[PDB]
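J.: File follows, model.tsv with TSV, N, CA and C atoms:
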```tsv
chain	number	residue	atom	x	y	z
A	84	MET	N	-10.34	82.47	7.37
A	84	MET	CA	-9.47	81.54	6.61
A	84	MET	C	-9.57	81.86	5.11
A	85	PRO	N	-8.42	81.90	4.35
A	85	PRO	CA	-8.45	81.96	2.87
A	85	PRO	C	-9.10	80.69	2.27
A	86	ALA	N	-9.71	80.84	1.09
A	86	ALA	CA	-10.44	79.75	0.40
A	86	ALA	C	-9.49	78.58	0.05
A	87	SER	N	-9.85	77.37	0.52
A	87	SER	CA	-9.12	76.14	0.19
A	87	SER	C	-9.69	75.53	-1.10
A	88	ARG	N	-8.81	75.27	-2.08
A	88	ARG	CA	-9.19	74.70	-3.38
A	88	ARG	C	-8.99	73.18	-3.35
A	89	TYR	N	-9.75	72.44	-4.17
A	89	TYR	CA	-9.60	70.98	-4.32
A	89	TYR	C	-9.31	70.66	-5.78
A	90	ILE	N	-8.17	70.01	-6.02
A	90	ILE	CA	-7.76	69.55	-7.34
A	90	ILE	C	-8.27	68.11	-7.53
A	91	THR	N	-9.21	67.94	-8.47
A	91	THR	CA	-9.67	66.62	-8.92
A	91	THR	C	-8.95	66.29	-10.23
A	92	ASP	N	-7.63	66.13	-10.09
A	92	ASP	CA	-6.69	65.87	-11.19
A	92	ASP	C	-6.94	64.47	-11.78
A	93	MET	N	-7.18	63.52	-10.89
A	93	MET	CA	-7.57	62.15	-11.24
A	93	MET	C	-9.05	61.96	-10.83
A	94	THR	N	-9.77	61.08	-11.55
A	94	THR	CA	-11.23	60.96	-11.41
A	94	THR	C	-11.60	59.98	-10.28
A	95	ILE	N	-12.80	60.17	-9.70
A	95	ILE	CA	-13.32	59.29	-8.63
A	95	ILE	C	-13.51	57.85	-9.16
A	96	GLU	N	-13.93	57.74	-10.44
A	96	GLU	CA	-14.06	56.46	-11.19
A	96	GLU	C	-12.82	55.54	-11.05
A	97	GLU	N	-11.63	56.14	-11.22
A	97	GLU	CA	-10.35	55.40	-11.20
A	97	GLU	C	-9.73	55.43	-9.79
A	98	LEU	N	-10.17	56.40	-8.97
A	98	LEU	CA	-9.78	56.51	-7.55
A	98	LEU	C	-10.41	55.34	-6.75
A	99	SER	N	-11.64	54.96	-7.13
A	99	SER	CA	-12.42	53.90	-6.47
A	99	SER	C	-12.27	52.56	-7.22
A	100	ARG	N	-11.30	52.50	-8.15
A	100	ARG	CA	-11.02	51.30	-8.95
A	100	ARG	C	-10.18	50.32	-8.13
A	101	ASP	N	-10.60	49.04	-8.12
A	101	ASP	CA	-9.87	47.96	-7.42
A	101	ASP	C	-8.70	47.47	-8.29
A	102	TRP	N	-7.56	47.19	-7.65
A	102	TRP	CA	-6.32	46.74	-8.32
A	102	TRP	C	-5.43	46.02	-7.29
A	103	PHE	N	-4.30	45.49	-7.77
A	103	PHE	CA	-3.30	44.82	-6.92
A	103	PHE	C	-1.92	44.95	-7.57
A	104	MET	N	-0.87	44.64	-6.81
A	104	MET	CA	0.51	44.52	-7.34
A	104	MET	C	0.87	43.03	-7.50
A	105	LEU	N	1.35	42.64	-8.71
A	105	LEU	CA	1.77	41.26	-9.01
A	105	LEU	C	3.18	40.98	-8.43
A	106	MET	N	4.04	42.02	-8.40
A	106	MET	CA	5.34	42.01	-7.67
A	106	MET	C	5.32	43.14	-6.63
A	107	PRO	N	4.66	42.91	-5.45
A	107	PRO	CA	4.46	43.96	-4.43
A	107	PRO	C	5.76	44.31	-3.67
A	108	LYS	N	6.06	45.61	-3.61
A	108	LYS	CA	7.17	46.18	-2.85
A	108	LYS	C	6.63	47.41	-2.10
A	109	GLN	N	6.73	47.41	-0.77
A	109	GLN	CA	6.15	48.45	0.08
A	109	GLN	C	7.26	49.31	0.68
A	110	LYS	N	7.35	50.56	0.21
A	110	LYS	CA	8.20	51.59	0.81
A	110	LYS	C	7.31	52.50	1.68
A	111	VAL	N	7.75	52.80	2.90
A	111	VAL	CA	7.09	53.80	3.76
A	111	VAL	C	7.94	55.08	3.72
A	112	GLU	N	7.32	56.22	3.40
A	112	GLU	CA	8.02	57.51	3.31
A	112	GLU	C	7.21	58.55	4.10
A	113	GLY	N	7.52	58.65	5.41
A	113	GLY	CA	6.86	59.58	6.32
A	113	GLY	C	5.41	59.18	6.62
A	114	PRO	N	4.41	60.08	6.37
A	114	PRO	CA	2.98	59.77	6.56
A	114	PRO	C	2.32	59.22	5.28
A	115	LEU	N	3.16	58.83	4.29
A	115	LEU	CA	2.71	58.46	2.94
A	115	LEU	C	3.32	57.09	2.56
A	116	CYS	N	2.47	56.06	2.39
A	116	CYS	CA	2.93	54.69	2.05
A	116	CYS	C	3.00	54.52	0.51
A	117	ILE	N	4.23	54.34	0.01
A	117	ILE	CA	4.55	54.24	-1.43
A	117	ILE	C	4.39	52.78	-1.92
A	118	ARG	N	3.51	52.58	-2.91
A	118	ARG	CA	3.28	51.26	-3.52
A	118	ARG	C	4.17	51.15	-4.77
A	119	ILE	N	5.08	50.18	-4.78
A	119	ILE	CA	6.00	49.92	-5.91
A	119	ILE	C	5.73	48.51	-6.45
A	120	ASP	N	5.39	48.40	-7.74
A	120	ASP	CA	5.32	47.10	-8.42
A	120	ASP	C	6.57	46.93	-9.28
A	121	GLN	N	7.40	45.96	-8.91
A	121	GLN	CA	8.70	45.72	-9.58
A	121	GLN	C	8.56	45.13	-11.01
A	122	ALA	N	7.38	44.59	-11.36
A	122	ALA	CA	7.18	43.91	-12.66
A	122	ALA	C	6.81	44.89	-13.78
A	123	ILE	N	6.20	46.03	-13.42
A	123	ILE	CA	5.72	47.02	-14.40
A	123	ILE	C	6.90	47.72	-15.08
A	124	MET	N	7.18	47.33	-16.33
A	124	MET	CA	8.31	47.82	-17.13
A	124	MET	C	7.84	48.16	-18.55
A	125	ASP	N	8.55	49.12	-19.20
A	125	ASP	CA	8.34	49.51	-20.62
A	125	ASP	C	7.02	50.30	-20.82
A	126	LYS	N	6.36	50.66	-19.71
A	126	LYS	CA	5.05	51.32	-19.71
A	126	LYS	C	5.22	52.85	-19.65
A	127	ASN	N	4.25	53.58	-20.22
A	127	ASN	CA	4.18	55.05	-20.09
A	127	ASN	C	3.23	55.39	-18.94
A	128	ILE	N	3.79	55.88	-17.81
A	128	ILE	CA	3.04	56.06	-16.55
A	128	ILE	C	2.97	57.56	-16.19
A	129	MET	N	1.87	57.94	-15.52
A	129	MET	CA	1.59	59.33	-15.12
A	129	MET	C	1.35	59.38	-13.60
A	130	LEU	N	1.97	60.37	-12.93
A	130	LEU	CA	1.83	60.58	-11.48
A	130	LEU	C	0.72	61.62	-11.25
A	131	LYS	N	-0.47	61.15	-10.84
A	131	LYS	CA	-1.69	61.97	-10.70
A	131	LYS	C	-2.08	62.03	-9.22
A	132	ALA	N	-2.72	63.13	-8.77
A	132	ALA	CA	-3.14	63.25	-7.36
A	132	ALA	C	-4.35	64.18	-7.15
A	133	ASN	N	-5.20	63.80	-6.19
A	133	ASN	CA	-6.27	64.67	-5.66
A	133	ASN	C	-5.85	65.17	-4.28
A	134	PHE	N	-6.01	66.48	-4.05
A	134	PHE	CA	-5.51	67.14	-2.84
A	134	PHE	C	-6.19	68.49	-2.62
A	135	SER	N	-6.04	69.00	-1.39
A	135	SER	CA	-6.48	70.34	-1.01
A	135	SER	C	-5.33	71.33	-1.30
A	136	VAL	N	-5.66	72.62	-1.47
A	136	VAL	CA	-4.72	73.68	-1.86
A	136	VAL	C	-4.97	74.92	-1.00
A	137	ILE	N	-3.89	75.59	-0.59
A	137	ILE	CA	-3.95	76.88	0.10
A	137	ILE	C	-2.72	77.69	-0.34
A	138	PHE	N	-2.89	79.01	-0.56
A	138	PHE	CA	-1.80	79.93	-0.99
A	138	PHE	C	-1.16	79.49	-2.33
A	139	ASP	N	-1.97	78.78	-3.16
A	139	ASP	CA	-1.59	78.30	-4.51
A	139	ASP	C	-0.58	77.12	-4.45
A	140	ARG	N	-0.42	76.52	-3.26
A	140	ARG	CA	0.43	75.32	-3.07
A	140	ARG	C	-0.40	74.18	-2.46
A	141	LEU	N	0.10	72.95	-2.59
A	141	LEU	CA	-0.54	71.74	-2.03
A	141	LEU	C	-0.57	71.86	-0.49
A	142	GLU	N	-1.79	71.86	0.06
A	142	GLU	CA	-2.04	71.96	1.51
A	142	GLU	C	-1.89	70.57	2.15
A	143	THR	N	-2.83	69.66	1.85
A	143	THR	CA	-2.79	68.25	2.31
A	143	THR	C	-3.19	67.33	1.15
A	144	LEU	N	-2.36	66.30	0.91
A	144	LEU	CA	-2.62	65.27	-0.11
A	144	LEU	C	-3.75	64.34	0.37
A	145	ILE	N	-4.82	64.22	-0.43
A	145	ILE	CA	-5.96	63.33	-0.11
A	145	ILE	C	-5.63	61.90	-0.57
A	146	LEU	N	-5.16	61.79	-1.82
A	146	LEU	CA	-4.64	60.54	-2.40
A	146	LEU	C	-3.80	60.86	-3.65
A	147	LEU	N	-2.79	60.02	-3.91
A	147	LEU	CA	-1.98	60.08	-5.14
A	147	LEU	C	-2.00	58.68	-5.78
A	148	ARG	N	-2.05	58.63	-7.11
A	148	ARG	CA	-2.14	57.40	-7.90
A	148	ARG	C	-1.15	57.44	-9.08
A	149	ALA	N	-0.47	56.31	-9.32
A	149	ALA	CA	0.38	56.11	-10.50
A	149	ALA	C	-0.28	55.06	-11.40
A	150	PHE	N	-0.63	55.45	-12.62
A	150	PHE	CA	-1.26	54.54	-13.58
A	150	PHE	C	-0.75	54.86	-14.99
A	151	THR	N	-0.91	53.89	-15.88
A	151	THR	CA	-0.39	53.96	-17.25
A	151	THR	C	-1.34	54.79	-18.13
A	152	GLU	N	-0.90	55.10	-19.36
A	152	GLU	CA	-1.77	55.74	-20.37
A	152	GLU	C	-2.85	54.75	-20.88
A	153	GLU	N	-2.68	53.46	-20.53
A	153	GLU	CA	-3.71	52.42	-20.70
A	153	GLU	C	-4.86	52.64	-19.70
A	154	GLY	N	-4.51	53.22	-18.53
A	154	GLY	CA	-5.45	53.48	-17.43
A	154	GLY	C	-5.26	52.52	-16.26
A	155	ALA	N	-4.35	51.53	-16.42
A	155	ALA	CA	-4.12	50.46	-15.43
A	155	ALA	C	-3.27	50.99	-14.26
A	156	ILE	N	-3.82	50.88	-13.03
A	156	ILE	CA	-3.17	51.42	-11.81
A	156	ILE	C	-2.02	50.51	-11.36
A	157	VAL	N	-0.79	50.96	-11.63
A	157	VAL	CA	0.43	50.17	-11.43
A	157	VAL	C	1.15	50.54	-10.11
A	158	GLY	N	0.68	51.62	-9.47
A	158	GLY	CA	1.25	52.11	-8.22
A	158	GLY	C	0.34	53.15	-7.59
A	159	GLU	N	0.67	53.58	-6.37
A	159	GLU	CA	-0.13	54.56	-5.61
A	159	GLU	C	0.71	55.13	-4.45
A	160	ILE	N	0.35	56.31	-3.97
A	160	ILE	CA	0.85	56.87	-2.71
A	160	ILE	C	-0.38	57.16	-1.85
A	161	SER	N	-0.61	56.30	-0.86
A	161	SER	CA	-1.78	56.39	0.01
A	161	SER	C	-1.41	57.19	1.29
A	162	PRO	N	-1.94	58.44	1.45
A	162	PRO	CA	-1.78	59.22	2.70
A	162	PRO	C	-2.48	58.53	3.87
A	163	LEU	N	-1.69	58.17	4.89
A	163	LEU	CA	-2.17	57.53	6.11
A	163	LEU	C	-3.23	58.41	6.80
A	164	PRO	N	-4.46	57.86	7.06
A	164	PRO	CA	-5.62	58.65	7.57
A	164	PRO	C	-5.37	59.17	9.00
A	165	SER	N	-4.48	58.48	9.74
A	165	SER	CA	-4.06	58.85	11.10
A	165	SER	C	-3.11	60.08	11.11
A	166	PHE	N	-2.75	60.56	9.90
A	166	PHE	CA	-1.91	61.76	9.69
A	166	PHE	C	-2.67	62.75	8.79
A	167	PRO	N	-3.61	63.56	9.36
A	167	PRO	CA	-4.39	64.54	8.59
A	167	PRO	C	-3.67	65.90	8.44
A	168	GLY	N	-2.52	66.04	9.12
A	168	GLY	CA	-1.77	67.30	9.15
A	168	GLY	C	-0.36	67.12	8.63
A	169	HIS	N	-0.23	66.75	7.34
A	169	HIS	CA	1.09	66.64	6.67
A	169	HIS	C	1.27	67.79	5.68
A	170	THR	N	2.53	68.08	5.36
A	170	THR	CA	2.91	69.23	4.54
A	170	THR	C	3.24	68.77	3.10
A	171	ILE	N	3.24	69.74	2.18
A	171	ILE	CA	3.66	69.58	0.78
A	171	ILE	C	5.11	69.04	0.67
A	172	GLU	N	5.94	69.37	1.69
A	172	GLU	CA	7.34	68.91	1.83
A	172	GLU	C	7.43	67.37	1.79
A	173	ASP	N	6.49	66.72	2.49
A	173	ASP	CA	6.39	65.24	2.55
A	173	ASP	C	6.05	64.67	1.16
A	174	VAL	N	5.09	65.33	0.49
A	174	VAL	CA	4.49	64.87	-0.77
A	174	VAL	C	5.52	64.85	-1.92
A	175	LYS	N	6.26	65.96	-2.08
A	175	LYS	CA	7.23	66.15	-3.20
A	175	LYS	C	8.31	65.04	-3.22
A	176	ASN	N	8.73	64.60	-2.02
A	176	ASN	CA	9.72	63.52	-1.83
A	176	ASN	C	9.08	62.17	-2.15
A	177	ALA	N	7.85	61.98	-1.65
A	177	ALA	CA	7.07	60.75	-1.83
A	177	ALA	C	6.83	60.44	-3.33
A	178	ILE	N	6.50	61.50	-4.11
A	178	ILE	CA	6.29	61.41	-5.58
A	178	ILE	C	7.56	60.85	-6.23
A	179	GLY	N	8.70	61.35	-5.76
A	179	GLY	CA	10.00	61.02	-6.32
A	179	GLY	C	10.53	59.66	-5.91
A	180	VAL	N	10.04	59.12	-4.79
A	180	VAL	CA	10.35	57.74	-4.36
A	180	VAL	C	9.58	56.75	-5.25
A	181	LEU	N	8.30	57.07	-5.51
A	181	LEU	CA	7.44	56.32	-6.44
A	181	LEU	C	8.05	56.31	-7.85
A	182	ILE	N	8.45	57.51	-8.32
A	182	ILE	CA	9.13	57.70	-9.61
A	182	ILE	C	10.45	56.93	-9.64
A	183	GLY	N	11.23	57.02	-8.55
A	183	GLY	CA	12.52	56.33	-8.45
A	183	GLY	C	12.42	54.82	-8.65
A	184	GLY	N	11.34	54.21	-8.11
A	184	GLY	CA	11.05	52.80	-8.32
A	184	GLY	C	10.67	52.50	-9.77
A	185	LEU	N	9.87	53.41	-10.37
A	185	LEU	CA	9.47	53.35	-11.79
A	185	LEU	C	10.70	53.47	-12.73
A	186	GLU	N	11.69	54.27	-12.29
A	186	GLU	CA	12.94	54.51	-13.03
A	186	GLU	C	13.79	53.23	-13.05
A	187	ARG	N	13.85	52.53	-11.88
A	187	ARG	CA	14.60	51.25	-11.74
A	187	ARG	C	14.03	50.18	-12.69
A	188	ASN	N	12.70	50.19	-12.83
A	188	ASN	CA	11.95	49.24	-13.68
A	188	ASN	C	12.14	49.54	-15.17
A	189	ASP	N	12.67	50.73	-15.50
A	189	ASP	CA	12.87	51.19	-16.88
A	189	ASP	C	11.52	51.35	-17.61
A	190	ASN	N	10.74	52.33	-17.14
A	190	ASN	CA	9.51	52.79	-17.80
A	190	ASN	C	9.79	54.13	-18.50
A	191	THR	N	8.73	54.86	-18.84
A	191	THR	CA	8.79	56.25	-19.31
A	191	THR	C	7.70	57.01	-18.57
A	192	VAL	N	8.08	57.76	-17.52
A	192	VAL	CA	7.10	58.42	-16.63
A	192	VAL	C	7.14	59.94	-16.80
A	193	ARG	N	6.00	60.55	-16.51
A	193	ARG	CA	5.82	62.00	-16.48
A	193	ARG	C	4.95	62.34	-15.28
A	194	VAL	N	5.25	63.45	-14.61
A	194	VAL	CA	4.50	63.90	-13.43
A	194	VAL	C	3.34	64.77	-13.96
A	195	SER	N	2.17	64.72	-13.30
A	195	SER	CA	1.01	65.53	-13.69
A	195	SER	C	1.34	67.02	-13.69
A	196	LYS	N	0.73	67.75	-14.66
A	196	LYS	CA	0.82	69.22	-14.77
A	196	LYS	C	0.59	69.92	-13.41
A	197	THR	N	-0.33	69.37	-12.60
A	197	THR	CA	-0.69	69.91	-11.29
A	197	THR	C	0.47	69.73	-10.30
A	198	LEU	N	0.92	68.46	-10.14
A	198	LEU	CA	1.97	68.10	-9.17
A	198	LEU	C	3.30	68.81	-9.49
A	199	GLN	N	3.56	69.05	-10.79
A	199	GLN	CA	4.77	69.75	-11.26
A	199	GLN	C	4.82	71.19	-10.72
A	200	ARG	N	3.72	71.94	-10.88
A	200	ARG	CA	3.66	73.37	-10.49
A	200	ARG	C	3.35	73.58	-8.99
A	201	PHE	N	2.77	72.55	-8.32
A	201	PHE	CA	2.44	72.62	-6.87
A	201	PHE	C	3.64	72.19	-6.00
A	202	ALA	N	4.07	70.92	-6.15
A	202	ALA	CA	4.93	70.23	-5.16
A	202	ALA	C	6.35	69.98	-5.70
A	203	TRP	N	6.38	69.38	-6.89
A	203	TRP	CA	7.60	68.90	-7.57
A	203	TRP	C	8.57	70.08	-7.86
A	204	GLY	N	8.28	70.84	-8.94
A	204	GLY	CA	8.97	72.10	-9.26
A	204	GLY	C	10.49	72.01	-9.28
A	205	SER	N	11.14	72.90	-8.49
A	205	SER	CA	12.61	72.96	-8.37
A	205	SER	C	13.12	71.79	-7.51
A	206	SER	N	12.36	71.48	-6.44
A	206	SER	CA	12.72	70.43	-5.48
A	206	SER	C	12.21	69.06	-5.96
A	207	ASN	N	12.92	68.51	-6.95
A	207	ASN	CA	12.56	67.25	-7.60
A	207	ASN	C	13.57	66.15	-7.23
A	208	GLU	N	13.06	64.96	-6.89
A	208	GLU	CA	13.88	63.78	-6.59
A	208	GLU	C	14.36	63.14	-7.91
A	209	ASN	N	15.59	62.62	-7.91
A	209	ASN	CA	16.22	62.03	-9.11
A	209	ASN	C	17.13	60.87	-8.71
A	210	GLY	N	17.25	59.86	-9.59
A	210	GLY	CA	18.13	58.71	-9.37
A	210	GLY	C	17.44	57.39	-9.66
A	211	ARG	N	18.22	56.42	-10.18
A	211	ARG	CA	17.75	55.06	-10.48
A	211	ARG	C	18.90	54.06	-10.26
A	212	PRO	N	18.90	53.32	-9.11
A	212	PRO	CA	19.75	52.13	-8.94
A	212	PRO	C	19.37	51.03	-9.98
A	213	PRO	N	20.27	50.68	-10.96
A	213	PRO	CA	19.98	49.62	-11.96
A	213	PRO	C	19.75	48.25	-11.29
A	214	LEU	N	18.68	47.55	-11.70
A	214	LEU	CA	18.36	46.21	-11.18
A	214	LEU	C	19.48	45.23	-11.59
A	215	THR	N	20.35	44.91	-10.62
A	215	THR	CA	21.55	44.08	-10.82
A	215	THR	C	21.20	42.59	-10.99
A	216	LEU	N	22.09	41.84	-11.66
A	216	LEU	CA	21.94	40.38	-11.85
A	216	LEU	C	22.97	39.63	-11.02
A	217	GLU	N	22.78	38.31	-10.87
A	217	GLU	CA	23.66	37.44	-10.09
A	217	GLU	C	24.93	37.12	-10.93
```
Would you mind writing the file out in structure tokens?

T.:
Amino acid sequence: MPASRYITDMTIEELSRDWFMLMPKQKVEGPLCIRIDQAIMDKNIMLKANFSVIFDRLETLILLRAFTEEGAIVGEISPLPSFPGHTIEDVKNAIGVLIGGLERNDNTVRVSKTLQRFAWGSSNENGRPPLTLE
């Protein structure tokens, strides 16, 4: 087997940090459950992830986290433990569903340097349905 690399893009300190959603919205996207908080607006947020790597691409996502430049965890993409054999194809879409929710809320988000060159790249999700009024 070729050597499998591990990206510790986000720290164990903040990975093991307890948090909640004040406006919880649960999207399921394949083997990856997307956490969307509808209240988090006007924030500068970063899409960070720890994962295994093979052939210089994302092999299996261990965990993905969305948190502000404040450090406050406002969202997450939790890989379901009952699915240990998922592809980078699943992950790149999942990142963009999380981002899509952040876009609706009107934040300012950026994807991690790692996720950009591994998963995101050319195949990037785009779009924001505006939060309509009555």

J.: Measuring atom to atom with only C-alpha atoms, identify which of A:86, A:95, A:137, A:163 is nearest to residue 114 of chain A.

T.: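 Among the listed residues, A:163 lies closest to residue 114 of chain A.
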
J.: Please, which residues are within 6 Å of (-7.7, 64.9, 1.4) by the file's coordinates, counting all atoms listed in the file, and could they come as a PDB file with N, CA and C atoms, keeping the file's coordinate frame?

T.:
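Full text of result_26.pdb as output:
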```pdb
ATOM      1  N   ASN A 133      -5.200  63.800  -6.190  1.00  0.00           N
ATOM      2  CA  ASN A 133      -6.270  64.670  -5.660  1.00  0.00           C
ATOM      3  C   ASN A 133      -5.850  65.170  -4.280  1.00  0.00           C
ATOM      4  N   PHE A 134      -6.010  66.480  -4.050  1.00  0.00           N
ATOM      5  CA  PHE A 134      -5.510  67.140  -2.840  1.00  0.00           C
ATOM      6  C   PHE A 134      -6.190  68.490  -2.620  1.00  0.00           C
ATOM      7  N   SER A 135      -6.040  69.000  -1.390  1.00  0.00           N
ATOM      8  CA  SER A 135      -6.480  70.340  -1.010  1.00  0.00           C
ATOM      9  C   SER A 135      -5.330  71.330  -1.300  1.00  0.00           C
ATOM     10  N   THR A 143      -2.830  69.660   1.850  1.00  0.00           N
ATOM     11  CA  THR A 143      -2.790  68.250   2.310  1.00  0.00           C
ATOM     12  C   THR A 143      -3.190  67.330   1.150  1.00  0.00           C
ATOM     13  N   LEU A 144      -2.360  66.300   0.910  1.00  0.00           N
ATOM     14  CA  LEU A 144      -2.620  65.270  -0.110  1.00  0.00           C
ATOM     15  C   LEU A 144      -3.750  64.340   0.370  1.00  0.00           C
ATOM     16  N   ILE A 145      -4.820  64.220  -0.430  1.00  0.00           N
ATOM     17  CA  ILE A 145      -5.960  63.330  -0.110  1.00  0.00           C
ATOM     18  C   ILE A 145      -5.630  61.900  -0.570  1.00  0.00           C
ATOM     19  N   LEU A 146      -5.160  61.790  -1.820  1.00  0.00           N
ATOM     20  CA  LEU A 146      -4.640  60.540  -2.400  1.00  0.00           C
ATOM     21  C   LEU A 146      -3.800  60.860  -3.650  1.00  0.00           C
TER      22      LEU A 146
END
```

J.: State, in Å with one decimal place, the distance from atom C of residue 173 of chain A to atom C of residue 147 of chain A.

T.: 12.2 Å

J.: Could you state the separation of atom N of residue 154 of chain A and atom C of residue 123 of chain A in Å, given to one decimal place?

T.: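 Computing the Euclidean distance for atom N of residue 154 of chain A and atom C of residue 123 of chain A yields 13.1 Å.
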
J.: For residue 152 of chain A, which residue among A:88, A:211, A:193, A:118 is the nearest when counting only C-alpha atoms?

T.: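 Among A:88, A:211, A:193, A:118, it is A:193 that comes nearest to residue 152 of chain A.
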
J.: Using only C-alpha atoms, which of A:141, A:90, A:130, A:116 sits nearest residue 201 of chain A?

T.: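 Among the listed residues, the smallest separation from residue 201 of chain A belongs to A:141.
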
J.: In segment 151-216 of chain A, what's strand (DSSP E) per DSSP? Answer as number ranges by chain?

T.: A: 151, 156-162, 191-194

J.: For a test of reading the model, state the distance in Å between atom CA of residue 169 of chain A and atom CA of residue 212 of chain A, rounded to one decimal.

T.: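 Calculated distance between atom CA of residue 169 of chain A and atom CA of residue 212 of chain A is 28.3 Å.
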
J.: Restricting the calculation to all atoms listed in the file: of A:101, A:153, A:92, A:159, which residue gets closest to residue 132 of chain A?

T.: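 So, comparing all the options, the nearest one is A:92.
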
J.: Could you pull out the residues in segment 134-213 of chain A that DSSP calls alpha helix (DSSP H) from the backbone, as a ChimeraX atom specification?

T.: /A:171-187,196-198

J.: As a list in words, please: the residues near residue 102 of chain A (cut-off 12 Å, only C-alpha atoms, same-chain neighbours under 2 positions excluded).

T.: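 The residues satisfying every condition are residues 97, 98, 99, 100, 104, 105, 107, 118, 120, 148, 149, 150, 154, 155, 156, 157, 158 and 159 of chain A.
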
J.: Excluding segment 187-191 of chain A and any residue of its chain fewer than 2 positions from it, enumerate the residues within 6.5 Å of it, using only N, CA and C atoms, and give them as a short mmCIF file (atom, residue, chain, number, x, y, z; two decimals) with N, CA and C atoms, keeping the file's coordinate frame.

T.:
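The resulting file, around_16.cif, is shown below:
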```cif
data_model
loop_
_atom_site.label_atom_id
_atom_site.label_comp_id
_atom_site.auth_asym_id
_atom_site.auth_seq_id
_atom_site.Cartn_x
_atom_site.Cartn_y
_atom_site.Cartn_z
N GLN A 121 7.40 45.96 -8.91
CA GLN A 121 8.70 45.72 -9.58
C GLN A 121 8.56 45.13 -11.01
N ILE A 123 6.20 46.03 -13.42
CA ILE A 123 5.72 47.02 -14.40
C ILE A 123 6.90 47.72 -15.08
N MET A 124 7.18 47.33 -16.33
CA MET A 124 8.31 47.82 -17.13
C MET A 124 7.84 48.16 -18.55
N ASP A 125 8.55 49.12 -19.20
CA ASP A 125 8.34 49.51 -20.62
C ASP A 125 7.02 50.30 -20.82
N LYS A 126 6.36 50.66 -19.71
CA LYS A 126 5.05 51.32 -19.71
C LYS A 126 5.22 52.85 -19.65
N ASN A 127 4.25 53.58 -20.22
CA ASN A 127 4.18 55.05 -20.09
C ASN A 127 3.23 55.39 -18.94
N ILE A 128 3.79 55.88 -17.81
CA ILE A 128 3.04 56.06 -16.55
C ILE A 128 2.97 57.56 -16.19
N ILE A 182 8.45 57.51 -8.32
CA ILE A 182 9.13 57.70 -9.61
C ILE A 182 10.45 56.93 -9.64
N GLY A 183 11.23 57.02 -8.55
CA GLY A 183 12.52 56.33 -8.45
C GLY A 183 12.42 54.82 -8.65
N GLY A 184 11.34 54.21 -8.11
CA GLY A 184 11.05 52.80 -8.32
C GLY A 184 10.67 52.50 -9.77
N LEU A 185 9.87 53.41 -10.37
CA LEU A 185 9.47 53.35 -11.79
C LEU A 185 10.70 53.47 -12.73
N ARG A 193 6.00 60.55 -16.51
CA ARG A 193 5.82 62.00 -16.48
C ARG A 193 4.95 62.34 -15.28
N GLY A 210 17.25 59.86 -9.59
CA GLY A 210 18.13 58.71 -9.37
C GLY A 210 17.44 57.39 -9.66
N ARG A 211 18.22 56.42 -10.18
CA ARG A 211 17.75 55.06 -10.48
C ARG A 211 18.90 54.06 -10.26
N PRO A 212 18.90 53.32 -9.11
CA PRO A 212 19.75 52.13 -8.94
C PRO A 212 19.37 51.03 -9.98
N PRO A 213 20.27 50.68 -10.96
CA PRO A 213 19.98 49.62 -11.96
C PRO A 213 19.75 48.25 -11.29
N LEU A 214 18.68 47.55 -11.70
CA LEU A 214 18.36 46.21 -11.18
C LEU A 214 19.48 45.23 -11.59
#
```

J.: For segment 206-213 of chain A, I'd like the enclosing box, axis-aligned and padded by 3 Å on every side, reported as JSON with centre and edge lengths in Å to one decimal.

T.:
```
{"center_x": 16.2, "center_y": 59.9, "center_z": -8.7, "size_x": 14.1, "size_y": 29.2, "size_z": 12.5}
```

J.: What residues have an atom no more than 10 Å from (10.0, 65.0, -2.1) in the file's own frame, counting only C-alpha atoms, and can you write them as a list in words?

T.: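 Checking each residue against the 10 Å limit leaves residues 112, 171, 172, 173, 174, 175, 176, 177, 178, 179, 180, 202, 203, 206, 207, 208 and 209 of chain A.
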
J.: With only C-alpha atoms as the atoms that count, which of A:108, A:85, A:142, A:96 lies nearest to residue 168 of chain A?

T.: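 Closest to residue 168 of chain A, using only C-alpha atoms: A:142.
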
J.: Would you mind telling me which residue in A:160, A:84, A:192, A:198 lies nearest to residue 115 of chain A when using only N, CA and C atoms?

T.: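 With only N, CA and C atoms as the atom set, the closest residue is A:160.
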